[PDB]
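Student: The following block contains the structure, expressed as structure tokens.
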Amino acid sequence: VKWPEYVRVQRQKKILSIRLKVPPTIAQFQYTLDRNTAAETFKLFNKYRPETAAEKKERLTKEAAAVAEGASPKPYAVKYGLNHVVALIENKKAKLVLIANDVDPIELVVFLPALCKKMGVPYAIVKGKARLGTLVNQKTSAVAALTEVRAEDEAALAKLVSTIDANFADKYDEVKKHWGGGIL
Amino acid sequence: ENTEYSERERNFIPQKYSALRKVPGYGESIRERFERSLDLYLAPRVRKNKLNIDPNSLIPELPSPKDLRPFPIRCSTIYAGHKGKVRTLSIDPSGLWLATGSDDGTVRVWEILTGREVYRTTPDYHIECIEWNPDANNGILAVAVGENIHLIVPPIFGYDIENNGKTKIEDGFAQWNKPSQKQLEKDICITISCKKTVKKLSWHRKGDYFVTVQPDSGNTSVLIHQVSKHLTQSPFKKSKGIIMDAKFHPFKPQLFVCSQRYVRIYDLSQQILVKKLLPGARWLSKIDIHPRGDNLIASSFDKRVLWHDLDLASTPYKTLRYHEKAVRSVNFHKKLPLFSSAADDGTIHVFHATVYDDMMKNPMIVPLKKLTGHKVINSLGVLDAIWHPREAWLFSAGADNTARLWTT
Amino acid sequence: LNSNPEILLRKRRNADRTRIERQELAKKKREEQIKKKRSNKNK
Amino acid sequence: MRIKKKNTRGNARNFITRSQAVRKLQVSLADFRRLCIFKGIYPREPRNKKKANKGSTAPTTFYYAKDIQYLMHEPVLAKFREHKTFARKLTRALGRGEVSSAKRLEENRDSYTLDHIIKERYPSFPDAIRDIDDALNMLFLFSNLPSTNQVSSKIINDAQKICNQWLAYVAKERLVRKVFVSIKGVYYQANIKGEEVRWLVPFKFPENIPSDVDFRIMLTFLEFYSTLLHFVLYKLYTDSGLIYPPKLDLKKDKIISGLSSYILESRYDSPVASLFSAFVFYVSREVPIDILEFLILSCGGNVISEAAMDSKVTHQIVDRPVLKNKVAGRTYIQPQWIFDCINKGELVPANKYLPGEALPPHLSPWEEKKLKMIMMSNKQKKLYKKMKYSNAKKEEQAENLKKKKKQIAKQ
RNA sequence: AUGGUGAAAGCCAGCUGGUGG
RNA sequence: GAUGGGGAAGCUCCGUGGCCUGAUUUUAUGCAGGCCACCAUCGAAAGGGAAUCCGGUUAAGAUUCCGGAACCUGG
RNA sequence: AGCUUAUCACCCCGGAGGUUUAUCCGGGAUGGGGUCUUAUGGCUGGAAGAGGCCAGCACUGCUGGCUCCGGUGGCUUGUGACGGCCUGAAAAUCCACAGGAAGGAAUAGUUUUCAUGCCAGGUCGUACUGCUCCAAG
């Protein structure tokens, strides 16, 4: 029998990753947040999805029409740009940081969890960059964070951060232990 | 209700309803409309012409059969008493001495008017064929049985008239053999020996030539012999099968050899294959030749009877299939144009024919009437028949050890 | 013959099977549908 | 030329196998069947089954090569592909959690139209009228079909509205000439442009729905039938000068929402259309008004329904075993008399159909020879035998037309 | 130098006499 | 000999899918299942291969032209 | 194209010698009785109207006949059937066999390896000269 070359290559890649020993900096992912807390975090984030192209165009057209005939508060939305997120982090401006575990360039995000830990900003790792992208109207984002949550959800965000602390930062505080991937 | 779907003229059971308001809603409307929609695109559409011709117009405008009278209508005399079935019949040229032969060896002759017997004489030995000498005033009767053929001159005629045929027999003084003591004491003239069992025999119009058929003899299946010279000859030595029958042409020096699937006309003088027939039937049983040679008639085991026009084409001009069983005997009337056909189903039929030959025209044939009376025994019916020389009288034999004579 | 040309619809072969077997399959599917609801009570 | 193959021309190219045609079209069987139904393509019987194929005796359905080749260039294929792409995009949007984007995408979509299919399948109006028989037969049944998971209520409502439009036009035009009542329903016939179109209206009882029937094919046929009926109704209204589409009558819709509603306006030449002229009728509760009201309206009469609140009327219809009042001013009639009047086209005396009496039956308004056959040829003999066998059934029917009719009368 | 082109086995008769080649 | 590929900076070198079935495919008109095993092409006017014979015609042509009579592939 | 024609090969009885030029076959032979593959032999049609051998007269052709019946004594060719020595190509194309799913009835049940009849069958090479062809006593 025979199989597609790309299929064989990708299948062998999984075996190589499983069997190969990885340094402590790698494998920090896949020790992801539990299903329940991740689901709650996604539910909270869904309330702050940034305005999409269609909605923004509709709002601008409505404003133009109103002006043609003759003071809203600051917009609130999740910040997801990797460069923008990294610029917000290290400035003590971000409250919650989400990191994807399936970034194609691993080195692109190895430092982000450690940088967040050094800065003390709460952070969590969730499975799948596609899930992060879906909630921000983009294919993938690899990261997601909140900066200005509404007062109505301030308590919810604080409780979520407190829960995530124990769920991820305390359970996986030993992620630096013996190199992972040691599977027969 | 027990019939399968789509094999039904009506898909509902009519019922009597006393009022319009009491009519219940139909329980098969959706299914019928769905089936109609399915057929509207899945049913193979074809273009066909609906026949509207009445069956009456298909009846041919043939001449009225009654206008062709006389012809046999009903039986008038019956012959019986044989222990075994009468396998063959023979009539003298004058149409008076009706000889009978049965598989039990019994030979009897009966009158044509009163039916009274005039003379009597005697699983692997049976009489196969008996035929009166076509020549008149000789009284020579041939009998075929087993692997031998016997010539018998009964005392019906006398001594000098029979001495005439005895002189022909003595003129000769497969090979011929002298009669046994019992044969001599039983008025049997001479005997002949064949390679294998003989099953068919036929005389020549001149009363000197005759032919025999020996089934199971691949090369010697057919032989020709002469009474005067005790000759032994054959028209053809090889064939793609066994030979079933053989007959002589009424007025030409050729012999009609009838094989299973083919009939071959072999010239006895030129020794050439004059013509080969390709009958529409599969297997032939017996063959007869019209006295004028204009038409060839044969019979087939598969209920078929052949009308071979020797002038039109090798294949039969027309074929009949009304017979319910194998056709056993078909012969031409010596004077009238009628020809009879009989089969194992006990049915006999007679057909008038427009034998006119003054112009290049095909002969028209019409049926006359059906005949019956030969009850089928052991699946066998009419065995053999012969036409009266001068009148529309037919003699028939059957498997019921009985023979019947039909008259107008 | 004086025949009148017309269009004809040939019978659909195997219609009886396509009806009976499909009805049986639909009955089986309907019967098995309730099995999922019955078995989804152990979640 | 070189030695040509044994069988690669003639029937081998004029007809293409169903599987081969589907493969060449690169279209799913569902879409191919939908296109076939829209175009009305049908299988055809080849002159030689084993010659069209390469000697194969296995069963097969042979389509016309030219028809399939022409079908490949129809825009409907592009519209189907666009619909499939839109469906996949909508599924992606729904799975991405962006409901607003899905709403915007769906709201900006447009469906295909079969107007150009009608102009090529039925180039002339008479052909459309001739083929409208099946369309009416399906739409009338679907109008009474209750809404189910297989068919949305909107489709049933549209079919009912189309049927109401057709009935209103027929009543106003008074083109009805023959009527009949059967177990399967009530048959109606109208001389629309001399084409004597006939349609069957099923009883208004709750229509049982056997789930065995595949509604997908039925819905596909119903879409085309509804489009054809809409176009035919528009053409007829334009020819007659009546407004189209007529406006529904809200006030009448509240009462019974029957044939009385949906009034029509612009902008008696036949005995059927002249019968019941100037007459006023009263229909009892137990009689189906939906069936009798249409006939009277087409005939030009007036009907007062028992539900008018839920006399001057010269005629009354009731099927009760015993009438209560029996006012001398009203003529009591059984609907059988009304049906017979339309069937005959003349005012048959009403004294023959008093309530409670026997109901007369209702009928729709629409060896000498053997001797010569001995020598017939095999083909002719078989033809004669088959003709005689077929005529045996006709003789049996003729005999039975009187045997039981006379035997039962004696008892 | 660079870049191209071309080619006597056997068997019959009584070890003796014989046939086939 | 290309082709799935591999050397050579390089002209260049090495390497020898088309068929059948289905009622249109049960949460409702978006396709399901079964068959078999491989690599094009070029390379024979002495190999295999379906089919024509007699008489006459010229300034050169014929088993091709003509006069006469058959044969083979396909619908 | 139809008859006719079979060395070889094969079938029934048999139960202890046949045979090639050259030794080959048998407890199933010697023999008797048969079947089949048509290589080329004879007939006819093609076909004597063709061509050739003669006589006559026209002064640009015609009119009359013959064109028959044989034999075996060396060269040659095609094939058939035997017998000596180590396996001598590939593909295209036609047919049959095991097969039994499929389809077969009442104003034409299915088919047309059967018979007759109809239509079409493209492009190039093609004259002459010429490593290869025929050879009387």
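Every chain in the structure tokens has a letter given in the order shown (A, B, ...), and although residue numbers restart at 1 in each chain, ligands are simply numbered from 1 in the order shown.
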Sorted by chain and rising residue number, list the residues of chain D at most 10 Å from chain C (counting only C-alpha atoms), each with its closest atom pair and distance in Å to one decimal, as CSV.

Tutor:
```
residue,atom,partner,partner_atom,distance
D:43,CA,C:10,CA,9.8
D:44,CA,C:10,CA,9.2
D:45,CA,C:10,CA,8.4
D:59,CA,C:13,CA,8.9
D:211,CA,C:26,CA,8.3
D:212,CA,C:23,CA,5.8
D:213,CA,C:23,CA,9.0
```

Student: So which bits of chain C end up strand (DSSP E) when you DSSP the backbone, as a list in words?

Tutor: residues 4, 5, 6, 7, 8 and 9 of chain C

Student: Compile the contact shell of residue 171 (chain A) as a PDB file with C-alpha atoms, in the first residue's frame: residues with an atom at most 10 Å away, counting only C-alpha atoms (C1' of nucleotides), same-chain residues fewer than 6 positions apart removed.

Tutor:
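Result written to selection-v9.pdb:
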```pdb
ATOM      1  CA  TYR A  31      -0.237  22.117  29.139  1.00  0.00           C
ATOM      2  CA  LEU A  33      -6.090  25.597  30.346  1.00  0.00           C
ATOM      3  CA  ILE A 164      -6.940  31.095  35.902  1.00  0.00           C
ATOM      4  CA  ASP A 165      -4.117  31.825  38.344  1.00  0.00           C
TER       5      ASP A 165
END
```

Student: Can you pull out every residue within 9 Å of region 119-125 of chain G, counting only C-alpha atoms (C1' of nucleotides), but drop anything in the same chain fewer than 2 positions away, and send it as a PyMOL selection string?

Tutor: (chain D and resi 1) or (chain F and resi 73-75)

Student: Provide as a PyMOL selection string the residues of chain F at most 12 Å from chain C, counting only C-alpha atoms (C1' of nucleotides).

Tutor: chain F and resi 22-23+26-27

Student: Give me every alpha helix (DSSP H) residue in chain C, going by DSSP on the backbone, as a list in words.

Tutor: residues 15, 16, 17, 18, 19, 20, 21, 22, 23, 24, 25, 26, 27, 28, 29, 30, 31, 32, 33, 34, 35, 36, 37, 38 and 39 of chain C

Student: Using N, CA and C atoms, can you write the selected residues to a file as a PDB file, in the first residue's frame?

Tutor:
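What ended up in part.pdb:
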```pdb
ATOM      1  N   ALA C  15     -39.540  -1.324  -9.836  1.00  0.00           N
ATOM      2  CA  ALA C  15     -40.245  -0.351  -9.008  1.00  0.00           C
ATOM      3  C   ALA C  15     -40.683  -0.970  -7.687  1.00  0.00           C
ATOM      4  N   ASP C  16     -41.137  -2.225  -7.722  1.00  0.00           N
ATOM      5  CA  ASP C  16     -41.606  -2.877  -6.504  1.00  0.00           C
ATOM      6  C   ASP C  16     -40.493  -2.977  -5.469  1.00  0.00           C
ATOM      7  N   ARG C  17     -39.282  -3.335  -5.902  1.00  0.00           N
ATOM      8  CA  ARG C  17     -38.158  -3.390  -4.975  1.00  0.00           C
ATOM      9  C   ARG C  17     -37.829  -2.003  -4.438  1.00  0.00           C
ATOM     10  N   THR C  18     -37.708  -1.018  -5.332  1.00  0.00           N
ATOM     11  CA  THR C  18     -37.383   0.335  -4.898  1.00  0.00           C
ATOM     12  C   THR C  18     -38.421   0.887  -3.932  1.00  0.00           C
ATOM     13  N   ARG C  19     -39.646   0.360  -3.960  1.00  0.00           N
ATOM     14  CA  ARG C  19     -40.656   0.788  -2.999  1.00  0.00           C
ATOM     15  C   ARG C  19     -40.535   0.016  -1.689  1.00  0.00           C
ATOM     16  N   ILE C  20     -40.547  -1.316  -1.761  1.00  0.00           N
ATOM     17  CA  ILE C  20     -40.614  -2.133  -0.552  1.00  0.00           C
ATOM     18  C   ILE C  20     -39.339  -1.990   0.270  1.00  0.00           C
ATOM     19  N   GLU C  21     -38.175  -2.116  -0.374  1.00  0.00           N
ATOM     20  CA  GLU C  21     -36.919  -2.029   0.363  1.00  0.00           C
ATOM     21  C   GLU C  21     -36.737  -0.646   0.972  1.00  0.00           C
ATOM     22  N   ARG C  22     -37.101   0.404   0.232  1.00  0.00           N
ATOM     23  CA  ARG C  22     -36.984   1.754   0.772  1.00  0.00           C
ATOM     24  C   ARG C  22     -37.927   1.962   1.950  1.00  0.00           C
ATOM     25  N   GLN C  23     -39.147   1.422   1.869  1.00  0.00           N
ATOM     26  CA  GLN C  23     -40.063   1.516   3.002  1.00  0.00           C
ATOM     27  C   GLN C  23     -39.499   0.796   4.220  1.00  0.00           C
ATOM     28  N   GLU C  24     -38.927  -0.392   4.014  1.00  0.00           N
ATOM     29  CA  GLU C  24     -38.336  -1.125   5.129  1.00  0.00           C
ATOM     30  C   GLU C  24     -37.172  -0.353   5.737  1.00  0.00           C
ATOM     31  N   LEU C  25     -36.326   0.243   4.893  1.00  0.00           N
ATOM     32  CA  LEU C  25     -35.202   1.023   5.399  1.00  0.00           C
ATOM     33  C   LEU C  25     -35.684   2.237   6.183  1.00  0.00           C
ATOM     34  N   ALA C  26     -36.725   2.911   5.688  1.00  0.00           N
ATOM     35  CA  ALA C  26     -37.277   4.050   6.412  1.00  0.00           C
ATOM     36  C   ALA C  26     -37.841   3.619   7.759  1.00  0.00           C
ATOM     37  N   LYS C  27     -38.520   2.470   7.798  1.00  0.00           N
ATOM     38  CA  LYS C  27     -39.037   1.964   9.066  1.00  0.00           C
ATOM     39  C   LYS C  27     -37.903   1.681  10.043  1.00  0.00           C
ATOM     40  N   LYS C  28     -36.821   1.064   9.562  1.00  0.00           N
ATOM     41  CA  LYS C  28     -35.682   0.785  10.430  1.00  0.00           C
ATOM     42  C   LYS C  28     -35.061   2.074  10.951  1.00  0.00           C
ATOM     43  N   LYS C  29     -34.913   3.076  10.082  1.00  0.00           N
ATOM     44  CA  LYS C  29     -34.350   4.351  10.515  1.00  0.00           C
ATOM     45  C   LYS C  29     -35.236   5.014  11.563  1.00  0.00           C
ATOM     46  N   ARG C  30     -36.555   4.989  11.353  1.00  0.00           N
ATOM     47  CA  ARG C  30     -37.466   5.571  12.332  1.00  0.00           C
ATOM     48  C   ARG C  30     -37.368   4.843  13.667  1.00  0.00           C
ATOM     49  N   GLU C  31     -37.301   3.510  13.633  1.00  0.00           N
ATOM     50  CA  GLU C  31     -37.187   2.747  14.872  1.00  0.00           C
ATOM     51  C   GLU C  31     -35.882   3.060  15.594  1.00  0.00           C
ATOM     52  N   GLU C  32     -34.780   3.171  14.849  1.00  0.00           N
ATOM     53  CA  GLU C  32     -33.481   3.426  15.456  1.00  0.00           C
ATOM     54  C   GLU C  32     -33.313   4.868  15.915  1.00  0.00           C
ATOM     55  N   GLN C  33     -34.113   5.797  15.388  1.00  0.00           N
ATOM     56  CA  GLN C  33     -33.989   7.190  15.807  1.00  0.00           C
ATOM     57  C   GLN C  33     -34.262   7.346  17.297  1.00  0.00           C
ATOM     58  N   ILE C  34     -35.295   6.672  17.808  1.00  0.00           N
ATOM     59  CA  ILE C  34     -35.632   6.781  19.222  1.00  0.00           C
ATOM     60  C   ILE C  34     -34.558   6.162  20.106  1.00  0.00           C
ATOM     61  N   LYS C  35     -33.733   5.265  19.557  1.00  0.00           N
ATOM     62  CA  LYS C  35     -32.684   4.642  20.358  1.00  0.00           C
ATOM     63  C   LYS C  35     -31.682   5.675  20.854  1.00  0.00           C
ATOM     64  N   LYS C  36     -31.316   6.635  20.000  1.00  0.00           N
ATOM     65  CA  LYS C  36     -30.384   7.675  20.421  1.00  0.00           C
ATOM     66  C   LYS C  36     -30.956   8.488  21.575  1.00  0.00           C
ATOM     67  N   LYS C  37     -32.229   8.876  21.477  1.00  0.00           N
ATOM     68  CA  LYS C  37     -32.851   9.631  22.558  1.00  0.00           C
ATOM     69  C   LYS C  37     -32.905   8.809  23.838  1.00  0.00           C
ATOM     70  N   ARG C  38     -33.229   7.519  23.723  1.00  0.00           N
ATOM     71  CA  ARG C  38     -33.295   6.668  24.906  1.00  0.00           C
ATOM     72  C   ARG C  38     -31.928   6.532  25.566  1.00  0.00           C
ATOM     73  N   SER C  39     -30.873   6.381  24.765  1.00  0.00           N
ATOM     74  CA  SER C  39     -29.535   6.146  25.289  1.00  0.00           C
ATOM     75  C   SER C  39     -28.809   7.423  25.693  1.00  0.00           C
TER      76      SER C  39
END
```

Student: Quick one: which residues from chain C are at most 8 Å off chain B, using only C-alpha atoms, as a JSON list (two decimals) with N, CA, C and O atoms, in the first residue's frame?

Tutor:
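That gives us part_19.json:
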```json
[["chain", "number", "residue", "atom", "x", "y", "z"],
["C", 1, "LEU", "N", -52.87, -1.00, -42.19],
["C", 1, "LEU", "CA", -53.03, -1.16, -40.71],
["C", 1, "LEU", "C", -53.82, -0.01, -40.12],
["C", 1, "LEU", "O", -54.58, -0.18, -39.16],
["C", 2, "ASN", "N", -53.65, 1.18, -40.70],
["C", 2, "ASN", "CA", -54.34, 2.39, -40.24],
["C", 2, "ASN", "C", -54.05, 2.68, -38.77],
["C", 2, "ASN", "O", -54.91, 3.18, -38.04],
["C", 3, "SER", "N", -52.84, 2.35, -38.32],
["C", 3, "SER", "CA", -52.47, 2.59, -36.94],
["C", 3, "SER", "C", -52.23, 4.08, -36.69],
["C", 3, "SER", "O", -51.78, 4.82, -37.57],
["C", 4, "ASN", "N", -52.55, 4.51, -35.47],
["C", 4, "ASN", "CA", -52.40, 5.91, -35.08],
["C", 4, "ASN", "C", -51.13, 6.07, -34.26],
["C", 4, "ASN", "O", -51.05, 5.50, -33.16],
["C", 5, "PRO", "N", -50.12, 6.81, -34.73],
["C", 5, "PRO", "CA", -48.90, 6.97, -33.93],
["C", 5, "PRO", "C", -49.19, 7.68, -32.61],
["C", 5, "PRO", "O", -50.02, 8.60, -32.55],
["C", 6, "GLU", "N", -48.51, 7.25, -31.56],
["C", 6, "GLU", "CA", -48.68, 7.84, -30.24],
["C", 6, "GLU", "C", -47.45, 7.55, -29.41],
["C", 6, "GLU", "O", -46.63, 6.69, -29.75],
["C", 7, "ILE", "N", -47.32, 8.29, -28.31],
["C", 7, "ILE", "CA", -46.21, 8.13, -27.38],
["C", 7, "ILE", "C", -46.60, 7.11, -26.32],
["C", 7, "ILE", "O", -47.76, 7.05, -25.89],
["C", 8, "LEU", "N", -45.63, 6.30, -25.90],
["C", 8, "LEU", "CA", -45.86, 5.25, -24.91],
["C", 8, "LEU", "C", -44.79, 5.34, -23.83],
["C", 8, "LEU", "O", -43.64, 5.69, -24.09],
["C", 9, "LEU", "N", -45.20, 5.01, -22.60],
["C", 9, "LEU", "CA", -44.31, 5.01, -21.44],
["C", 9, "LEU", "C", -44.06, 3.57, -21.01],
["C", 9, "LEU", "O", -45.00, 2.87, -20.60],
["C", 10, "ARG", "N", -42.81, 3.12, -21.11],
["C", 10, "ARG", "CA", -42.46, 1.78, -20.66],
["C", 10, "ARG", "C", -42.48, 1.71, -19.14],
["C", 10, "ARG", "O", -42.14, 2.68, -18.46],
["C", 11, "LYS", "N", -42.89, 0.56, -18.62],
["C", 11, "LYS", "CA", -42.97, 0.39, -17.17],
["C", 11, "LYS", "C", -41.58, 0.51, -16.55],
["C", 11, "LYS", "O", -40.58, 0.07, -17.12],
["C", 12, "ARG", "N", -41.53, 1.11, -15.36],
["C", 12, "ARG", "CA", -40.28, 1.28, -14.64],
["C", 12, "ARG", "C", -39.88, -0.05, -14.00],
["C", 12, "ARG", "O", -40.57, -0.56, -13.11],
["C", 16, "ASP", "N", -41.14, -2.23, -7.72],
["C", 16, "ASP", "CA", -41.61, -2.88, -6.50],
["C", 16, "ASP", "C", -40.49, -2.98, -5.47],
["C", 16, "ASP", "O", -40.72, -2.74, -4.28]]
```

Student: Neighbours of region 9-21 of chain G within 12 Å (only C-alpha atoms (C1' of nucleotides); same-chain residues fewer than 4 positions away dropped), as a PyMOL selection string?

Tutor: (chain B and resi 216-218) or (chain E and resi 11+19-20) or (chain G and resi 25-37+81-83)

Student: Using only C-alpha atoms (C1' of nucleotides), find the one residue out of B:229, B:252, B:204, B:195 that sits nearest to chain G.

Tutor: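 Selected residue with least distance to chain G: B:195.
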
Student: Interatomic distance between CA of residue 67 (chain A) and CA of residue 54 (chain A)?

Tutor: 19.9 Å

Student: Which residues are close to residue 112 (chain A), i.e. within 12 Å by only C-alpha atoms (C1' of nucleotides), leaving aside same-chain residues fewer than 3 positions away? Reply as a JSON list (two decimals) with C-alpha atoms, in the first residue's frame.

Tutor:
```json
[["chain", "number", "residue", "atom", "x", "y", "z"],
["A", 25, "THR", "CA", 11.06, 26.30, 26.97],
["A", 28, "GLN", "CA", 5.31, 24.79, 27.83],
["A", 29, "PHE", "CA", 2.34, 24.66, 25.47],
["A", 82, "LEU", "CA", 0.89, 40.11, 18.17],
["A", 83, "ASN", "CA", 2.99, 43.25, 17.75],
["A", 85, "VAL", "CA", -0.06, 42.79, 22.27],
["A", 86, "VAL", "CA", 3.70, 42.66, 22.82],
["A", 87, "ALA", "CA", 3.79, 46.46, 22.91],
["A", 88, "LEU", "CA", 0.98, 46.51, 25.48],
["A", 89, "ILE", "CA", 2.77, 43.85, 27.53],
["A", 90, "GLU", "CA", 5.92, 45.08, 29.31],
["A", 97, "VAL", "CA", -3.13, 37.28, 27.92],
["A", 98, "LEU", "CA", -4.09, 34.27, 25.77],
["A", 99, "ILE", "CA", -1.44, 32.35, 23.82],
["A", 100, "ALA", "CA", -2.05, 29.77, 21.09],
["A", 101, "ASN", "CA", -0.28, 26.42, 21.35],
["A", 106, "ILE", "CA", 7.30, 28.11, 17.59],
["A", 107, "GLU", "CA", 10.14, 30.56, 18.25],
["A", 108, "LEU", "CA", 7.76, 33.45, 17.50],
["A", 109, "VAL", "CA", 5.93, 32.91, 20.81],
["A", 115, "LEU", "CA", 7.86, 37.71, 29.26],
["A", 116, "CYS", "CA", 4.36, 37.81, 30.76],
["A", 117, "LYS", "CA", 5.59, 35.90, 33.82],
["A", 118, "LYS", "CA", 8.47, 38.36, 34.25],
["A", 119, "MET", "CA", 6.08, 41.31, 33.92],
["A", 120, "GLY", "CA", 3.57, 39.65, 36.26],
["A", 121, "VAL", "CA", 0.65, 40.07, 33.85],
["A", 122, "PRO", "CA", -1.79, 37.13, 34.07],
["A", 123, "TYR", "CA", -1.54, 34.83, 31.05],
["A", 124, "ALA", "CA", -2.98, 31.54, 29.85],
["A", 125, "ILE", "CA", -2.43, 29.08, 26.99],
["A", 142, "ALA", "CA", -2.22, 33.25, 17.79],
["A", 143, "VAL", "CA", -2.82, 35.61, 20.75],
["A", 144, "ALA", "CA", -5.65, 37.47, 22.46]]
```

Student: Give me, as a ChimeraX atom specification, the contact residues of chain G against chain C at a cut-off of 12 Å, counting only C-alpha atoms (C1' of nucleotides).

Tutor: /G:102-103,107-108

Student: Put those residues in a file: N, CA, C and O atoms (P, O5', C5', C4', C3', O3' and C1' of nucleotides), as a PDB file, in the first residue's frame.

Tutor:
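Full text of again_26.pdb as output:
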```pdb
ATOM      1  P     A G 102     -31.688 -10.707 -11.768  1.00  0.00           P
ATOM      2  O5'   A G 102     -31.477  -9.901 -13.126  1.00  0.00           O
ATOM      3  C5'   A G 102     -30.998  -8.564 -13.119  1.00  0.00           C
ATOM      4  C4'   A G 102     -30.704  -8.080 -14.517  1.00  0.00           C
ATOM      5  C3'   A G 102     -31.837  -8.241 -15.519  1.00  0.00           C
ATOM      6  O3'   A G 102     -32.778  -7.184 -15.452  1.00  0.00           O
ATOM      7  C1'   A G 102     -29.835  -9.084 -16.454  1.00  0.00           C
ATOM      8  P     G G 103     -34.314  -7.483 -15.088  1.00  0.00           P
ATOM      9  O5'   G G 103     -35.007  -7.683 -16.507  1.00  0.00           O
ATOM     10  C5'   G G 103     -35.054  -6.623 -17.449  1.00  0.00           C
ATOM     11  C4'   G G 103     -35.359  -7.130 -18.835  1.00  0.00           C
ATOM     12  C3'   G G 103     -36.480  -8.152 -18.935  1.00  0.00           C
ATOM     13  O3'   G G 103     -37.768  -7.562 -18.922  1.00  0.00           O
ATOM     14  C1'   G G 103     -34.620  -8.907 -20.177  1.00  0.00           C
ATOM     15  P     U G 107     -53.130  -6.137 -26.724  1.00  0.00           P
ATOM     16  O5'   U G 107     -52.479  -5.995 -28.171  1.00  0.00           O
ATOM     17  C5'   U G 107     -53.210  -6.356 -29.339  1.00  0.00           C
ATOM     18  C4'   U G 107     -52.923  -5.417 -30.483  1.00  0.00           C
ATOM     19  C3'   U G 107     -52.937  -3.935 -30.118  1.00  0.00           C
ATOM     20  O3'   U G 107     -51.975  -3.230 -30.903  1.00  0.00           O
ATOM     21  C1'   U G 107     -54.609  -4.366 -31.736  1.00  0.00           C
ATOM     22  P     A G 108     -50.451  -3.121 -30.403  1.00  0.00           P
ATOM     23  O5'   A G 108     -49.892  -4.606 -30.548  1.00  0.00           O
ATOM     24  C5'   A G 108     -48.515  -4.900 -30.333  1.00  0.00           C
ATOM     25  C4'   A G 108     -48.138  -6.242 -30.911  1.00  0.00           C
ATOM     26  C3'   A G 108     -46.688  -6.670 -30.690  1.00  0.00           C
ATOM     27  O3'   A G 108     -46.623  -8.089 -30.542  1.00  0.00           O
ATOM     28  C1'   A G 108     -47.115  -6.515 -33.008  1.00  0.00           C
TER      29        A G 108
END
```

Student: Residues of chain B within 7 Å of chain D, counting only C-alpha atoms - could you list those as an MDAnalysis selection string?

Tutor: chainID B and resid 18 21 25:27 29 31 33:34 41:46 55 59:60 320 322 367

Student: Let me see the file: selected residues, C-alpha atoms, as a PDB file, in the first residue's frame.

Tutor:
```pdb
ATOM      1  CA  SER B  18     -75.295   7.306  -0.176  1.00  0.00           C
ATOM      2  CA  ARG B  21     -70.897  14.529   2.444  1.00  0.00           C
ATOM      3  CA  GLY B  25     -60.970  11.442   1.943  1.00  0.00           C
ATOM      4  CA  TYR B  26     -58.808   9.458  -0.448  1.00  0.00           C
ATOM      5  CA  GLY B  27     -56.039   7.497   1.258  1.00  0.00           C
ATOM      6  CA  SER B  29     -53.799  10.540  -3.470  1.00  0.00           C
ATOM      7  CA  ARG B  31     -48.800   8.140  -3.590  1.00  0.00           C
ATOM      8  CA  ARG B  33     -49.354  11.810  -7.711  1.00  0.00           C
ATOM      9  CA  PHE B  34     -45.818  10.944  -6.594  1.00  0.00           C
ATOM     10  CA  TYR B  41     -39.265  11.816 -16.096  1.00  0.00           C
ATOM     11  CA  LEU B  42     -38.101   8.254 -15.264  1.00  0.00           C
ATOM     12  CA  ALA B  43     -40.511   6.349 -17.527  1.00  0.00           C
ATOM     13  CA  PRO B  44     -38.816   5.543 -20.874  1.00  0.00           C
ATOM     14  CA  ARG B  45     -40.798   7.444 -23.499  1.00  0.00           C
ATOM     15  CA  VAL B  46     -41.165   5.626 -26.826  1.00  0.00           C
ATOM     16  CA  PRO B  55     -59.213  -9.109 -36.975  1.00  0.00           C
ATOM     17  CA  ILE B  59     -58.943 -13.454 -42.987  1.00  0.00           C
ATOM     18  CA  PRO B  60     -57.694 -14.373 -46.489  1.00  0.00           C
ATOM     19  CA  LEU B 320     -48.262 -25.318 -41.964  1.00  0.00           C
ATOM     20  CA  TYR B 322     -51.730 -26.522 -37.223  1.00  0.00           C
ATOM     21  CA  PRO B 367     -58.016 -26.405 -46.346  1.00  0.00           C
TER      22      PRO B 367
END
```
